[PDB]
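First comes the structure, then the notes that go with it.
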Ligand SMILES: CC(=O)N[C@H]1[NH2+]C[C@H](C(=O)O)[C@H](O)[C@@H]1O
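In the deposited numbering, the protein residues as written are 20 to 531.
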């Protein structure tokens with residue numbers, strides 16, 4: 020596809036992918052590049068670094084404050100008050116000022132902007148965080164945290180209980196707890212009243228409490244999360260923790276009866292001799308329809324229709340895509356049409372994997388379900404490709420260097436045969452070194468590098484009261500933490516459907 024044919028397609032990640040491929044082959048001239056960010060659906064990361072090597076975008080400072088950005092630290096006292104206040108939005112600018120000028124400006128702004136006064140006079144001390152904490156300036160606290168993570172201080176009960184009301188709190192709490200940073204901040208957050216937090220924040224404050232062996236506090240935080248969380252899957256995770264900590268059989272019972280299929284509800288069902296959840300059976304009789312499952316532009320279009328459709332239109336689309344050839348689209352539509360209440364675990368292009376053993380089949384299918392929902396031309400924001408969502412680098416390494424395939428192109432990852440084949444190959448590499456399917460899952464999403472480093476630590480996937488469940492909450496990247504939980508449920512399910520059951524309790528034992 021030339022840049023001309025692409026310009027005639029709707030903006031989408033598919034079209035971004037293809038523009039990025041031209042850019043990486045140096046086929047975009049400085050003239051082609053003029054109109055080009057109007058042709059880019061998501062102007063972020065690699066495609067933007069690459070376009071900026073050709074046309075280094077100058078903007079953006081706002082026409083209204085242009086004059087304000089002509090001053091420096093040495094001339095800011097000659098700026099009008101509006102300009103003084105705008106420039107003082109940057110803590111780096113504040114840190115750059117000399118101390119006499121911070122004193123002057125602190126007085127100028129006392130009455131009208133005490134927030135600026137506080138930051139100014141704080142940077143006149145050897146510890147700005149300590150000054151801000153003493154004023155209980157909550158906006159200033161978060162501005163300082165975002166300027167530098169290195170500040171760490173004990174916070175009293177009054178202060179920590181004010182932090183949850185600021186939008187910054189959730190990412191702050193998660194980040195320092197998951198990363199095991201800012202120990203004084205962490206310890207201080209034991210005194211947050213569960214009444215003052217909810218959802219993810221409450222959940223992470225329970226994980227925090229467990230790391231200090233404050234099991235009562237933890238229960239209280241987990242219970243608040245269970246009550247406040249929107250998603251049933253997240254409630255179940257919280258209810259599991261309530262059960263593990265205080266051992267109330269009504270918690271486990273409630274969890275065994277969840278409509279969400281996840282590792283926590285699966286596990287609770289197995290502990291209470293409850294039958295395995297019902298898995299829908301999708302068996303369309305029509306073989307084919309018009310739709311090209313190998314056209315990535317067709318997918319991007321129909322996906323947008325599906326996601327924007329009223330209850331009525333979903334039904335017209337359900338009927339149209341009720342074919343074997345478009346089975347992954349059928350399932351995708353049915354998932355949105357039943358408001359995410361039924362369990363779909365399809366097995367498309369099955370011929371390509373039926374000769375592998377059943378455990379490997381289940382892992383492949385588990386990964387595919389999470390990566391793409393089996394959409395052959397799926398493209399991520401990082402331009403990972405096909406059902407098994409291969410990064411192009413790896414796809415080219417395997418296809419050209421290892422398997423010496425004639426005329427290999429990375430777009431071969433859009434072929435099911437190739438996606439499953441490469442997925443098998445890469446899963447052998449990972450499972451050979453890692454063994455557990457949970458660990459394989461982590462390494463598949465976030466690299467074997469990061470997985471090996473996490474498993475090398477003496478406080479991750481070792482023996483303990485609350486292991487391996489606690490470790491699964493402390494996986495340092497949120498995306499990988501979530502990916503692994505989901506892939507593991509998928510694996511259990513597919514093993515079951517393939518008559519190769521395994522007890523999830525055995526999986527958990529093999530994590531220690
Ligand atoms: C096996 C494989 O290619 N893993 C990759 N899958 C897509 C991910 C993404 O962030 O989109 C990563 O590139 C991951 O390493």
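All C-beta atoms in this analysis are idealised placements derived from N, C-alpha and C, irrespective of residue type, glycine included.
Leaving out five residues before and five after residue i in sequence, what residues of the same chain have Cβ atoms less than 7 Å from its Cβ?
{"i": "residue 399", "result": "408"}
{"i": "residue 354", "result": "363"}
{"i": "residue 293", "result": "275"}
{"i": "residue 114", "result": "142"}
{"i": "residue 485", "result": "229 and 263"}
{"i": "residue 365", "result": "301, 346, 347, 350 and 393"}
{"i": "residue 200", "result": "168"}
{"i": "residue 247", "result": "217, 218 and 221"}
{"i": "residue 490", "result": "479 and 480"}
Can you find the residues in the same chain that come closer than 8 Å, C-beta to C-beta, to residue i, ignoring five residues on each side of it along the sequence?
{"i": "residue 414", "result": "404, 429, 431, 432 and 441"}
{"i": "residue 176", "result": "210"}
{"i": "residue 455", "result": "526, 529 and 530"}
{"i": "residue 305", "result": "341, 342 and 343"}
{"i": "residue 120", "result": "92, 95 and 96"}
{"i": "residue 352", "result": "325, 333, 336, 337 and 340"}
{"i": "residue 311", "result": "317"}
{"i": "residue 450", "result": "382, 456 and 459"}
How about residue i and residue j: are their beta carbons less than 8 Å apart?
{"i": "residue 155", "j": "residue 179", "result": "no"}
{"i": "residue 396", "j": "residue 314", "result": "yes"}
{"i": "residue 34", "j": "residue 28", "result": "yes"}
{"i": "residue 387", "j": "residue 410", "result": "no"}
{"i": "residue 80", "j": "residue 90", "result": "no"}
{"i": "residue 171", "j": "residue 203", "result": "yes"}
{"i": "residue 54", "j": "residue 22", "result": "no"}
{"i": "residue 237", "j": "residue 245", "result": "no"}
{"i": "residue 220", "j": "residue 188", "result": "yes"}
{"i": "residue 118", "j": "residue 143", "result": "yes"}
{"i": "residue 504", "j": "residue 158", "result": "no"}
{"i": "residue 147", "j": "residue 163", "result": "yes"}
{"i": "residue 38", "j": "residue 59", "result": "yes"}
{"i": "residue 382", "j": "residue 510", "result": "yes"}
{"i": "residue 443", "j": "residue 392", "result": "no"}
{"i": "residue 307", "j": "residue 337", "result": "no"}
{"i": "residue 502", "j": "residue 460", "result": "yes"}
{"i": "residue 494", "j": "residue 500", "result": "yes"}
Just to confirm my understanding: we take residue i, look at its own chain, exclude 5 residues before and 5 after, and list those with CB closer than 6 Å. What are they?
{"i": "residue 62", "result": "56"}
{"i": "residue 496", "result": "465"}
{"i": "residue 279", "result": "251, 252 and 255"}
{"i": "residue 161", "result": "185 and 187"}
{"i": "residue 436", "result": "371"}
{"i": "residue 348", "result": "340"}
{"i": "residue 98", "result": "90"}
{"i": "residue 419", "result": "427"}
{"i": "residue 152", "result": "172"}
Would you decide whether residue i is buried or exposed? Buried here means 16 or more other CB atoms lie within 10 Å of its CB.
{"i": "residue 445", "result": "buried"}
{"i": "residue 226", "result": "buried"}
{"i": "residue 452", "result": "exposed"}
{"i": "residue 103", "result": "buried"}
{"i": "residue 239", "result": "buried"}
{"i": "residue 424", "result": "exposed"}
{"i": "residue 10", "result": "Here the chain covers residues 20 to 531 and nothing more, so residue 10 does not appear."}
{"i": "residue 47", "result": "buried"}
{"i": "residue 448", "result": "exposed"}
{"i": "residue 468", "result": "exposed"}
{"i": "residue 257", "result": "buried"}
{"i": "residue 149", "result": "exposed"}
{"i": "residue 384", "result": "buried"}
{"i": "residue 85", "result": "exposed"}
{"i": "residue 100", "result": "exposed"}
{"i": "residue 470", "result": "buried"}
Report whether the distance from the Cβ of residue i to the nearest heavy atom of ligand 2 is below 7 Å.
{"i": "residue 413", "result": "The model depicted lacks ligand 2 and carries ligand 1 instead."}
Legend entry - Contiguous alpha helix (DSSP H) assignments of at least 4 residues, all confined to the region 379-436: Runs found: 411-415.
Legend entry - Inside the region 106-188 only - beta strand (DSSP E) runs reaching at least 3 residues: Counting only runs that start and end inside the region 106-188, there is no beta strand (DSSP E) element of at least 3 residues.
Inset, instruction - Can you check the region 448-506 for any alpha helix (DSSP H) of at least 4 residues that lies completely inside it and give the ranges in chain order? - result: The DSSP assignment places 456-465, 467-475 and 488-492 as complete runs of the alpha helix (DSSP H) inside the region 448-506, in order along the chain (cut-off: 4 residues).
Inset, instruction - Please list the segments of the alpha helix (DSSP H) lying wholly inside the region 335-370, counting only runs of 4 or more residues, in order along the chain. - result: Complete alpha helix (DSSP H) runs here, min 4: 346-356.
Inset, instruction - Identify every run of the alpha helix (DSSP H) within the region 232-310, keeping only runs that are complete inside it and at least 4 residues long; order them along the chain. - result: You should have 234-247, 251-265, 268-275 and 282-290.
Inset, instruction - Run through the region 24-103 for me and flag every whole beta strand (DSSP E) of 3 or more residues, listed as ranges in chain order. - result: Complete beta strand (DSSP E) runs here, min 3: none at all.
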